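Have a look at the structure below before the remarks.
Heads up, the Cβs are rebuilt from the backbone with ideal geometry, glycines too, and the neighbour counts pull from every protein chain shown. What follows is calculated from the coordinates using simple rules that are stated; it is not laboratory data.
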Amino acid sequence: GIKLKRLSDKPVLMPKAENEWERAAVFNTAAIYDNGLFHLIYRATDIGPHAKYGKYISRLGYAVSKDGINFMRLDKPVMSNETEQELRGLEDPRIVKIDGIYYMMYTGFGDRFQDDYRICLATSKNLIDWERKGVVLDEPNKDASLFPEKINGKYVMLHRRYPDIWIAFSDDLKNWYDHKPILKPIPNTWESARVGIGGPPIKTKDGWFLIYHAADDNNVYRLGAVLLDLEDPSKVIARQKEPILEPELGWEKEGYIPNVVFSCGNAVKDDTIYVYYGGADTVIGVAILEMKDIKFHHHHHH
Amino acid sequence: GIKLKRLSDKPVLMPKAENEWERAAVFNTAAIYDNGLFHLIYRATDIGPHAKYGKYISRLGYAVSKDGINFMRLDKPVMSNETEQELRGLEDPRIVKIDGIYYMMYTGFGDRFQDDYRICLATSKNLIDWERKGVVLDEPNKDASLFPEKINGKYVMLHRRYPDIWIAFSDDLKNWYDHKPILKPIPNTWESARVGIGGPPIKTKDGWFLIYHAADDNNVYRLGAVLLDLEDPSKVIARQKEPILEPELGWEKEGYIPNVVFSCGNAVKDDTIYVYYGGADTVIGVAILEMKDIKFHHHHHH
Amino acid sequence: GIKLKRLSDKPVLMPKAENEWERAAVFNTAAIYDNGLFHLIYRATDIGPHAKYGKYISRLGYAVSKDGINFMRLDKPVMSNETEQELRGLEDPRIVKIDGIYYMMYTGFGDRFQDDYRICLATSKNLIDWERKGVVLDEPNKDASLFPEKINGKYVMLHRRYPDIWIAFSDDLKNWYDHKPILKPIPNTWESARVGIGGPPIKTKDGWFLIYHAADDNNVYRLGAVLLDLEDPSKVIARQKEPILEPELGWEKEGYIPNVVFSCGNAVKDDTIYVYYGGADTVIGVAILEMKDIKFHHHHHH
Amino acid sequence: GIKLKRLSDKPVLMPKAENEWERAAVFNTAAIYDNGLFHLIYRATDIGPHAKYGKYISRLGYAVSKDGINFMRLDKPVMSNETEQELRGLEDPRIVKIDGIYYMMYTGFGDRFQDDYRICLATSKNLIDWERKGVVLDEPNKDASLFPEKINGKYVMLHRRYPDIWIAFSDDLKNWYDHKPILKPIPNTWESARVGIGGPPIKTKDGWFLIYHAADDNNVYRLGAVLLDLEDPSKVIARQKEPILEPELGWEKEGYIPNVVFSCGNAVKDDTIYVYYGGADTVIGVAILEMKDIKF
Ligand SMILES: OC[C@H]1O[C@H](O)[C@@H](O)[C@@H](O)[C@@H]1O
Ligand SMILES: OC[C@H]1O[C@H](O)[C@@H](O)[C@@H](O)[C@@H]1O
Ligand SMILES: OC[C@H]1O[C@H](O)[C@@H](O)[C@@H](O)[C@@H]1O
Ligand SMILES: OC[C@H]1O[C@H](O)[C@@H](O)[C@@H](O)[C@@H]1O
């Protein structure tokens, strides 16, 4: 089946003690290949990302690489906690580029009352200067992204009304309609508790290739793969039974949150997918998948 | 009760990003007052000391102060990871001075196989140039120090066969005998999981004043105090029920490990004890106790 | 007439202790406005750039700003000392963008024998990944740049055969011809010892606007302005008598070399020129000139 | 003749860009061997030490070494500019240890009026905590040190009423008497313009070994050596004609002040003298002399 291949046993990005905003953890990064470079917009916290460590604030960093392994990083966050909806910061960004514009969906965590987090949108032409567009869906939700192109003249988003992956459609990026669930947890498996997107889906000749995450009943996080129909991505063509990535290395199994691999970004250079993922909500790693290796079992049964 | 009094709300020593060896954390320092100055031999790490990626290394720095609050620091470690037993460095030093010689016990962490850490001894005449004397006890152990004077013509050491404070005796500083436990955890209290020495004990008219640490069942670290008989320090005269120091300030409650105060050093100037402690395995603070405020309840009953 | 206006009394970029490559000095930066951002490719040294001990090495950093005053910076150099011609590093880069490609001329300092420095060229599409094209002129020379457009179908460069600004022409960026001097020092003035370009010239309706530097007989460095004919930039239309910028602030007057302002970069946003300059070969500042304020004295007489 | 031997072509101590107080120059250091270590109390400036660079302030740093070559350094100065006599800082310290106490003479530079500099004294038990004792001689003077032992029950100092090395005597370190010149410049030589002590003198079986400095008529600084009588150090028993050290390395010939070697410290371990010197008032080097090679 499909399995992501780690390039080494070492993270590609680690917290940096010198800078308070990224002193504890860097994880769950957006990623895109553009103009001959890999770019990360990474989630960073000052404190370990759980209440037992403290009142962490998530901010978004920028890193850049020629090879997708060795990164340079900017000294200050490119987005910081600047609104009420973002009092506790910005989480788990997903980025696509459409017609010259980068569209980032992230979760603004306000923590002012129960379930005070929202999918928010920001745009950029350059990945450094971000313009907030505000809340996308006025409801507790997260794990959101646009598709990287319009389909049938509409913007399409993925979201996560608990505990399923949902899709929705928009003409104007402000009003969303035709909400429906497209992927659900499966009882008594590695993907029983909840599912959500990983990074944004990638267009393939055979359909939309979507990496997803799931948690089991022991709260272990793994990645999986699903293929969606090109014209109607609400239709699942295939869903791989087995995970494509699971916690194996020491820094995936242990850290601020044990036994987590979690992706918000998949960059493509020359038909190789570079899947960036958080390990234990502490560091960032990379694992690859060649596009020619995207193969699902063909079957037909109700 | 005995309570340590913080000398300020700010650390007295913090990590320094420009020096790799102390970039992440400085904590758990030895301390001694000598020749009109306070001297720290501090534990320092290059990456967070709970990191599950890479291989953090502990090295020993030197700092010096006229007032016990405001420190100057040397730019390079006075002991670095130079033997196999110290591949991952030197931890949690405790120092005493006997007859012109400084005796430092530290934990050498090799990590070459299961439980590869050992109490090790180094000596110096000047606190800068250290001569390794090798492993003290050939067994997994830590939290060790000499007493600062011979007792009945013998050297006495404290150690920590799990989970109790132990003592032992030596005529030649090489062979240790009459090992016995002297202090144990108390169930259902702040000191239930484990106990260990803080810094080396301090001689008083009423007995040996020994600061100890303990962890509770949620791994919160606090300091306590016990008074041992002068001639036979295996005999506990009094043990304070309540802690003398617990995590309260932000940098004691939050850092690389939450809710830790941890001491390896207590310097004495003019009948005031300066207790140096790590906060959250991240920074170093100081709190005082005047000798006249060392008050315990004595008893006479089986 | 023309005077640059400082945007701040503080540097916009300073050396950073934590990073050895830029520990001592950041100065003499290239600059360009692109894709809604100001970008600096800055000269940095590990030790003072006038040190007579050791061997200072110049490497090239990257910084980026939305407003041209407040910069973010990458943690590693985008070009380091990687050839024999660059044993002592890369100096005083000038950048232009032509048809999607950035062309950087810098001085490679080898110091292997007498006068071992050369104008070298590197190209990039993104300002991060630089491809060396090698030595431009096989002779001791410096203070070089392309013009930001071809003229009459040719590439044009400025250089500095001592002590004058020179121009030369090329069809292929490898072979240069029609070398001629275009600007000379003026005896008994602030610009008596030597002249050289500042940043690359900027096209205006009235001609090429070229900031230049000069040294006086006491080695004080100031900036001036000259206007060159559009079609034949060897012809000077006007040269301002007085400097446009001179050392005034404390960090321009004092540092590793006293009384120096020195520019290698002039970014343009919305008809305002942002002139980045080194102060005292130690830090980087910014001063502006609106295009409408480019006014020279003209006359008509033999 | 006596020649100091450099141990390498590299400084032992250089300015540190991270710390403003020592960003430009470290030079002209005191030195002593004590308790198994070499200790430097070094002059440091924030700006090159000439008015053409700016209003430099001299402060005193601490460094320490096991081998006399490879130093560790403290992050802040052990003495900073804290009196009016020291507005522009503390210069060119010389240290001796007598009966458990370190005695440092330095120049306090106030620059408040013409010739506003004074020999000042500070003491310490540990080289870190310094107690000022104030101005030693109320006159423009510098290049001062105690001898490292009392002689005939008196403290003895060297000083520099311009342009000669002087000696003086004291019972109490406050009142100085029996001032006399002991060493003068020699016209038309490398030592024509002025002379001054280097580090404090060192006792030998043959007399007090004193390194001195001199400037020539082009302001080039070199070191020389003299031998003084043990009981009466006002009597010069030998003075070497040729210098023992002169600017040769690039960082001795060029820097903030060209063509300078200048010593304020000479540490002794196992019969070898380690002579620490400023090069070009910018960096610190070391050159050695074995005791058995002190031959006039
Ligand atoms: O901790 C595991 C996982 O839980 C969250 O809720 C996710 O959205 C991620 O932010 C994180 O990696
Ligand atoms: O992390 C808390 C505490 O646990 C360790 O095991 C101790 O020995 C100290 O090194 C440390 O401060
Ligand atoms: O030092 C002043 C000035 O002199 C050099 O030669 C120039 O090329 C610049 O590198 C520098 O700013
Ligand atoms: O500059 C050479 C020399 O001149 C000064 O006056 C001396 O006292 C030293 O401070 C210095 O090294």
For a quick check: with amide H placed at 1.01 Å from N, whose amide H comes under 5 Å from B:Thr29's, ignoring anything fewer than 5 positions away on the same chain?
B:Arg43, B:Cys264, B:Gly278
If amide H atoms are modeled at 1.01 Å from N in the peptide plane, then the residues at a separation of 5 or more from C:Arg194, or on another chain, having amide H under 5 Å from its own are C:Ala215
Apply the a/c threshold of 1.5 to the C-alpha gyration tensor of chain A and tell me whether it is rounded, prolate or oblate.
rounded
Where the centre of each part is set by its Cα atoms, how far does region A:47-66 sit from region D:244-271, in angstrom?
52
Whole-Hz couplings from phi, Karplus 6.51/-1.76/1.60, listed for region A:134-149; x for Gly and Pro
x, 6, 8, 10, 8, 6, x, 5, 5, 6, 10, 7, 6, 6, x, 8
Test of the criteria: in region A:135-204, which trypsin sites (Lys or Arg not before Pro) are in a DSSP loop and have at most 13 other Cβ atoms within 10 angstrom of their Cβ?
A:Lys174
Looking at the square roots a ≥ b ≥ c of the eigenvalues of the Cα gyration tensor of region A:49-101, which shape do they give, rounded for a/c under 1.5, prolate if a/b is larger than b/c, or oblate?
oblate
Just want to confirm a number: the relative contact order over chain A, from Cα pairs under 8 angstrom separated by 6+ residues, in percent.
17
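Once Rh for the protein assembly as shown is found with the Kirkwood sum over Cα pairs, what is the Stokes-Einstein diffusion coefficient at 10 °C and 1.306 mPa s, in µm²/s?
After rounding, the answer is 46 µm²/s.
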For region D:103-200, what does the alpha-carbon gyration tensor say about shape, rounded, prolate or oblate, given a ≥ b ≥ c as the root eigenvalues, a/c under 1.5 as rounded, and a/b over b/c as prolate?
oblate
Within region D:5-293: Cβ-based charge dipole about Cα centre, in debye rounded to nearest 20 (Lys, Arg +1; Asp, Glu -1)
100
Considering Cα pairs under 8 angstrom that are at least six residues apart, work out the relative contact order of region B:30-132 and quote it in whole percent.
21
For region C:160-172, Karplus couplings with θ = phi - 60° (6.51, -1.76, 1.60), whole Hz, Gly/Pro x
8, 4, 4, x, 10, 7, 10, 10, 7, 10, 7, 8, 9
Relative contact order of region A:256-302: what whole-number percent is it, with Cα pairs under 8 angstrom and at least 6 residues apart?
31
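Net charge within 9 Å of D:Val261 by Cβ-Cβ distance, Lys/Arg positive one each and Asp/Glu negative one each, not counting D:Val261 itself? Don't jump to the answer; show the numbers that get you there.
Working: positive: D:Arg222; negative: D:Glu246, D:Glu248, D:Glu252.
For residues surrounding D:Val261, the net value is -2.
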How charged is the neighbourhood of B:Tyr33? Take every other residue with its Cβ under 10 Å from the Cβ of B:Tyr33, and add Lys/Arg as +1 and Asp/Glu as -1.
0
Of the trypsin sites (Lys or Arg not before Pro) in region A:1-76, those whose Cβ has at most 11 other Cβ within 10 Å and which sit in DSSP loop:
A:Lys52, A:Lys55
Toward the positive end of the charge dipole of region A:191-285, about the Cα centre and with charges on Cβ (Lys, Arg +1; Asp, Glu -1), which of A:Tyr277, A:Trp208, A:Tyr256 goes farthest?
A:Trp208
Whole-Hz ³J(HN,Hα) for each residue in region A:114-126, computed from phi via Karplus 6.51 cos²θ - 1.76 cosθ + 1.60 with θ = phi - 60°, x for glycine and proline: what do you get?
4, 6, 8, 9, 9, 5, 10, 10, 9, 10, 7, 9, 9
Return the single residue from B:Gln240, B:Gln85, B:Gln114 with maximal mean-square fluctuation; model: Gaussian network over chain B, springs between Cα atoms under 10 Å.
B:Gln114
Within 13 Å, Cβ to Cβ, of A:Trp190, how many net charges do the neighbouring residues add up to if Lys/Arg are +1 and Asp/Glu are -1?
-1
List every residue whose amide H lies under 5 Å from the amide H of B:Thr204, counting only residues 5 or more places away in sequence or on a different chain, with H placed 1.01 Å from N in the peptide plane.
B:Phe209
